[PDB]
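J.: Okay, handing you the structure first.
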Protein chains: 2
Amino acid sequence: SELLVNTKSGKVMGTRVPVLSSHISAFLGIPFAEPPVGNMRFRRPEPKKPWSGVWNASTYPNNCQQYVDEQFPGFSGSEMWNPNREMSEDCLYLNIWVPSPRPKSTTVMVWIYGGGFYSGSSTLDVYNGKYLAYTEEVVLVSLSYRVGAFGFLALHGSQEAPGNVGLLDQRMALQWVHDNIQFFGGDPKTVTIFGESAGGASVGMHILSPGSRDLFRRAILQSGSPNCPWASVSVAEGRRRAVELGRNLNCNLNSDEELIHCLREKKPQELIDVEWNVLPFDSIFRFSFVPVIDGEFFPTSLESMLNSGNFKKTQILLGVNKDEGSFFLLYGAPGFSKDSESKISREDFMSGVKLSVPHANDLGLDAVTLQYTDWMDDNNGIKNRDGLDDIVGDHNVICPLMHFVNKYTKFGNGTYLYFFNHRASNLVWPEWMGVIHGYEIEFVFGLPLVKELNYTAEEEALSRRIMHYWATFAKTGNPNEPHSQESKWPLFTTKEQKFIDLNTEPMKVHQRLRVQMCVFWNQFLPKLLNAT
Amino acid sequence: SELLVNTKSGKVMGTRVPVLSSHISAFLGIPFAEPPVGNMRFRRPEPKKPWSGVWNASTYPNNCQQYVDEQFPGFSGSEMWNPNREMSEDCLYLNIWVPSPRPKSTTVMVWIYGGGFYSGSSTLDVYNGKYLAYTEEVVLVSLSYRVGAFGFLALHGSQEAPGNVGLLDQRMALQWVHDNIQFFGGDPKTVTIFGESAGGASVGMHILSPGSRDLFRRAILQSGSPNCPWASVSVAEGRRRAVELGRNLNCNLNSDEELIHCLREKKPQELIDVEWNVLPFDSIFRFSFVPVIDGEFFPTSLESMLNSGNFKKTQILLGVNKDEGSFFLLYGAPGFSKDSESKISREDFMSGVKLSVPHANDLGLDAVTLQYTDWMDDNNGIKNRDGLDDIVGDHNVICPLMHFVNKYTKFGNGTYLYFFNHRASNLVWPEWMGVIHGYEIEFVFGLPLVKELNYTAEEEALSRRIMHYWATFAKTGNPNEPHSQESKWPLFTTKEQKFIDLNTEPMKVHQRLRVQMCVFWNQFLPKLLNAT
């Protein structure tokens, strides 16, 4: 039977699903690790033990225990990101969408969801692999991993919570795809991993980490890179936050064993209720438990790794959205509202800068303010709003990704850069938010192809172009069709630095994506903060 | 007789001179102080002793001993600024141009020449007061003062070279105009002092210095203000340079008396041959002997004086030229040439920045470079040239003058700001230099009215407009005609910050003259250099 597959872990029974008035196979909730419950909490994942009989993979699995956004109850705009399944510590499963008839050895794409390392699910509607699997004829895999304290608590030195166990979760899932995807029709030597936000940062971390390098061929990074100021911390800050977490739940803090044991006796929702109380600064776009430079998963510091060429050399495709920061200002900076134009005063602009660059001294806050203010129109509320918006995006997503791409391209075997600047017509968020963080995803998974969702005809055309780029790149290492007549997505080179805009208009090639600001955030500010 | 005048110092015999096919009286070389020779060198000026008989004031006086530019022998462009008379330490005289018939009590204008405090003469062709005296019907006075070491050597604490004796020279001349201009038809209670470069800085210093405040009514400052980074030094740096000057001429340095006496036995040309060897840094737009904050001429520091409103409150008219820096880059920065487009490479751009902001640490040099570089076109030789040009002008003339005008307007009784951006058609300097430092002067003195000099018809029209502005302002405190139908030069206010462009096109009002950069040079950089 086409829905029956025999893997090295046991037999699996999938289910047939309808897609664009046709059908494909889906194997949902296949386990790749033992349930990390009880004494296993905070610990590294263990391989799932083989099972007898047939595993029923016809329904989605549970979602990892996580913080749930309730800033706008009912609002589809925000709930479409919340977990749509029972949350549980027993969350390590993966989903596979296979074309029909089953391929013999086709291209594989493994998706890693984002969520600031504190949230995210593989079962969201936006992440439905069937449209893409169907339209491009590839085996689509989406894995899951532990987030929040459950996946990133770090007490370096002990083996009960070494840290980065959330990244080890992903590596585990990748190891399974490597050892079993062949039985689903996929080609293990042609797997592209791709992600967004924290997922984009994760993809960049497997490219850097020696233990993960051999498990995939190519990589796609969307709005996120490993060297982002929010994606990692030192073992010291990791330890400092683990302790404070324990202090918030009144735990015996005499020793790591003391602390860990107390944290293991706690109910999931208790660690989550106080998780945000451990951040060192009053800030925006920063998260409690994230990856930590431990000397294992990451040999040395990320910057020296990028400078020494110590990382997997292959082809990569990456880019960012036009308005990456608006989402965090809405939820955290004073002055912004979901229901108003949110024109910001000088007062709130500067409060926003303090919140966006939390680690900067007064001299630094002054440098940032000067760099993003038009003194010929300093009280223009719309200019201060977009100025604040640019700051959060540049400092957190764009300038860090341009540093990675420029360092990578020096040792890589091919780079393709995009800039997504199209605001979907059916967006429910206000206009002042623009091309929002995470909304390029819907085009990548092809939601515009389904009429009932209500996208324009040009938006569906865009979705197919992007789906063909990602897929054609996953198969060949080049987003372009060999002898096509269409426009060519030029290659990014250390010299020319070309990139393309991605919208519903005739393709246009550009150069030096936001250089002015990137030089400020990557060369000047770091230096200033260090000398002072 | 109309050419005979009896002053409180003695009788003076002037001469009739032709101007625009007419005539006016001229009293040239009237002395206002005793010849500062011999033992009087470096000492404060003494009032000229009355004389019997008639003083012959029909020919220009000598020029103060000074450095003479020989960078372009023959070149009119540079020689028109060199002394056109025998140089001599006996240089303290003043020139008066009186309308004919002699007025009874008309407006007086006293001109103070510029020259970086190391050069300058009242007898240059460009400074001929007859055209202005004639055209606007005002008594025009041009004084002289000692420059270089002769007028600014400062050994604070001693009375043999207290410092600022060059400013005391000007004050002396002003005291004479105050006590005698009435006998020439001028009104002593309506004297406007006005100057350019070092002269503009001098005018601003009489506005600040308690001893000079009562000697004039209004002031006009062109391309220069008291708080310019090149116009003054501390008593310590003044002392440090006086000593080094003495070290260069092998003088006994055991005591001030030792040093001063040795410097007095030296021939004028000997102090001038080594004058430039005392600058602390390799620099551009910096001069050896300039005014010094001594606690006498200047009560406290200039910044606290401007902040406390401690200065003469009256009306002032000031402005700057579009390309104030090009002249110093040509003579001192590597890459620039009088005979080429001078496109600058990245190498020379940065060498230029090091030369322009001599007192900045590496972090500061980086801030400046970042603020003036277009990273989307960093190797564009024309952009690096104009970028360097903007830096020198902004840091040395424009941003400092905007700080003064903004501080003054808070306690003043009226401010009028201009931006001169018209390049004369007969300029002999290359085009890349633009609207050069000191070339608005020719329009102020009305040289465009004399056909033989070869100016366009619109240039002569501009010269009359400007001459009427300066003169109408000198008489009333407002550059505009009471019930005129012409365009109005708006008043500059702390709130609106309006200013006008001054060229051959229909007047246009603007706001916040170069705010972006002015905030950088006045608020951020100072702060950065102080914290680091």
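Just so it is clear, none of the values below were taken in a lab; they were calculated from the coordinates. Methodologically, a virtual Cβ is constructed for each residue, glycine included, from the backbone with ideal geometry; neighbour enumeration extends over all protein chains shown.
J.: Any idea which of B:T476, B:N63, B:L302 is furthest toward the positive side of the dipole for chain B, if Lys and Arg beta-carbons carry +1 and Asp and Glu beta-carbons -1?
T.: B:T476
J.: Working out 0.36 nm times the residue gap between B:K495 and B:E458, then minus their Cα-Cα distance, what length gain in nm do you get to one decimal?
T.: Full extension from B:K495 to B:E458 adds 10.0 nm.
J.: Going 7 Å from Cα along the Cα-Cβ axis for the label, what nanometre distances separate B:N56 from the same residue across the other copies?
T.: Spelled out, the distances from B:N56's label point are 12.6 nm.
J.: Work out the mean other chain Cβ neighbour count within 10 Å for the residues of A:354-365 and drop it here as an integer.
T.: 1
J.: Evaluate the distance, in nm, between pseudo-label points positioned 7 Å from the Cα of B:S304 and of B:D214 along their respective Cα→Cβ axes.
T.: 2.5
J.: Restricting to DSSP H runs of at least four residues, report the calculated mean residue ellipticity at 222 nm for chain A, -39500 (n - 2.57) per run over all residues, nearest 500 deg cm²/dmol. Spell out each step's value before the answer.
T.: Details: 18 runs with 167 residues, N = 532.
Counting only the DSSP helices, I get -9000 deg cm²/dmol.
J.: What does the charge count around B:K189 come to, taking other residues whose C-beta lies under 15 Å from its C-beta (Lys +1, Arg +1, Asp -1, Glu -1)? Don't skip to the end; give the middle numbers.
T.: Details: positive: B:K104, B:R213, B:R217, B:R218, B:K312, B:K475; negative: B:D179, B:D187, B:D214.
Charge balance in the 15 Å sphere: +3.
J.: Ordered shortest first, which distances in nm separate the 7 Å Cα→C-beta label point of A:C262 from those of the other copies?
T.: Copy-to-copy label distances at A:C262, shortest first: 7.7 nm.
J.: Which order, highest average first, do B:371-381, A:182-192, A:437-447 follow once you tally other Cβ atoms within 10 Å for each residue and take the mean per peptide?
T.: Descending mean neighbour count gives A:437-447, A:182-192, B:371-381.
J.: Rounded to the nearest 5, what is the percent of antiparallel bridges among the DSSP beta bridges in the protein assembly as shown?
T.: Values: 40 of 110 bridges.
Roughly 35 percent of the DSSP beta bridges within the protein assembly as shown come out antiparallel.
J.: Rounded to the nearest 20 debye, what is the charge dipole size of the stretch B:53-150 about its Cα centre when +1 sits on each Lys and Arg Cβ and -1 on each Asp and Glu Cβ?
T.: 420
J.: When Cβ neighbours within 10 Å are restricted to other protein chains, what is their mean count per residue of peptide A:367-377?
T.: Working: counts 5, 0, 2, 8, 4, 0, 3, 2, 8, 6, 2.
Whole-number average of other-chain Cβ neighbours for A:367-377 is 4.
J.: Also, I was wondering about something else. For chain A, list log₁₀ I(q)/I(0) at each q in 0.09, 0.10 Å⁻¹, using the Debye formula over Cα point scatterers of equal strength and ignoring solvent, two decimals each.
T.: Each listed q maps to, in turn, -0.63, -0.79.
J.: Give the shape of the stretch B:333-473 as rounded, prolate or oblate, defined through the alpha-carbon gyration tensor: a ≥ b ≥ c are the square roots of its eigenvalues, a/c under 1.5 means rounded, and otherwise the shape is prolate if a/b is larger than b/c and oblate if not.
T.: Oblate, since a/c reaches 1.5 and b/c is not below a/b.
J.: Among A:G129, A:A201, A:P188, which residue has its Cα furthest toward the positive end of the charge dipole of the stretch A:50-201, with +1 on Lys/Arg Cβ and -1 on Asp/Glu Cβ?
T.: My answer, from the dipole projection, is A:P188.
J.: Order A:483-490, B:466-473, A:390-397 from most to least packed using the mean count of other Cβ atoms within 10 Å. Provide the component values of the computation, followed by the final result.
T.: Working: A:483-490: 11.9, B:466-473: 21.1, A:390-397: 25.0.
Going from most to least packed, we get A:390-397, B:466-473, A:483-490.
J.: Between copies, how far apart are the A:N82 label points? List them in nm, one decimal, shortest first, with each point 7 Å from Cα toward Cβ, please?
T.: Inter-copy label distances (nm, one decimal, shortest first): 8.6.
J.: Something else: With 10 angstrom as the radius, rank B:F492, A:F520 by how many other C-beta atoms surround their C-beta, starting from the fewest.
T.: A:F520, B:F492
J.: Give the chain A residue with the shortest beta-carbon distance to the rotation axis relating chain A to chain B, plus that distance as a whole number of Å.
T.: Reported as residue, whole Å: A:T532, 3.
J.: Considering amide H positions built from the backbone, and no H for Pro or chain starts, which residues 5 or more places from B:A33, or on another chain, come under 5 Å of its amide H?
T.: Amide H neighbours of B:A33, under 5 Å, 5+ apart: B:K48.
J.: Next question, about the same structure. Let me check the size of the stretch A:429-532 from its C-alpha atoms; what are the radius of gyration and Dmax in Å?
T.: For the stretch A:429-532, the Cα radius of gyration and maximum Cα-Cα distance read 17.8, 57 Å.
J.: Quickly work out the B:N361-to-A:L253 label distance, labels modelled 7 Å from Cα along the C-beta direction, and quote it in nm with one decimal.
T.: Reported label-point gap for A:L253 and B:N361 is 3.6 nm.
J.: Calculate one ³J(HN,Hα) per residue across the stretch A:74-85 by plugging θ = phi - 60° into the Karplus curve 6.51 cos²θ - 1.76 cosθ + 1.60, and present them in order as whole Hz with x for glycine and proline.
T.: For the stretch A:74-85, the Karplus-derived couplings read x, 3, 4, x, 9, 6, 4, 10, 5, x, 9, 8 Hz, x marking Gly and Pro.
J.: Suppose every K and R has +1 on its Cβ and every D and E has -1 on its Cβ; what is the size of the dipole of chain B about the Cα centre, in Debye to the nearest 20?
T.: 1920
J.: Suppose every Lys and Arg Cβ carries +1 and every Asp and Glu Cβ carries -1, with no other charges. What dipole size does the protein assembly as shown come out with about its Cα centre, to the nearest 20 debye?
T.: That gives a dipole near 220 debye.
J.: Still on this structure: Where Rh is the Kirkwood radius over the Cα pairs of the protein assembly as shown, the temperature 10 °C and the viscosity 1.306 mPa s, what D in µm²/s does Stokes-Einstein return?
T.: 47
J.: Taking other Cβ within 10 Å of each residue's Cβ, how do B:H422, B:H23 sort, fewest first? It would help to have the intermediate numbers written out before the result.
T.: On the way: B:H422 19, B:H23 14.
Least to most surrounded, the residues fall as B:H23, B:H422.
J.: Beta carbons within 10 angstrom, averaged per residue: use that to sort the peptides B:87-94, A:25-32, B:355-362, highest first.
T.: Peptide ranking by packing, descending: A:25-32, B:87-94, B:355-362.
J.: Only counting other Cβ atoms within 10 Å, I'd like A:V68, A:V243 sorted with the fewest neighbours first. Numbers along the way, then the final one.
T.: Numbers: A:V68 13, A:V243 16.
If I rank by nearby Cβ atoms, fewest first, I get A:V68, A:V243.
J.: Taking every DSSP beta bridge that has both residues in chain B, what percent is antiparallel when rounded to the nearest 5?
T.: Values: 20 of 55 bridges.
Around 35 percent of the beta bridges assigned by DSSP in chain B are antiparallel ones.
J.: Right, something else. Per 10 Å bin from zero, what fraction in whole % of the C-alpha pairs of the stretch B:1-95 is there, up to the bin with the longest pair?
T.: Reading upward from the zero bin: 14, 34, 31, 17, 3.
J.: What is the mean number of Cβ atoms from other protein chains located within 10 Å of the Cβ atom of each residue in peptide A:523-532, rounded to a whole number?
T.: 3
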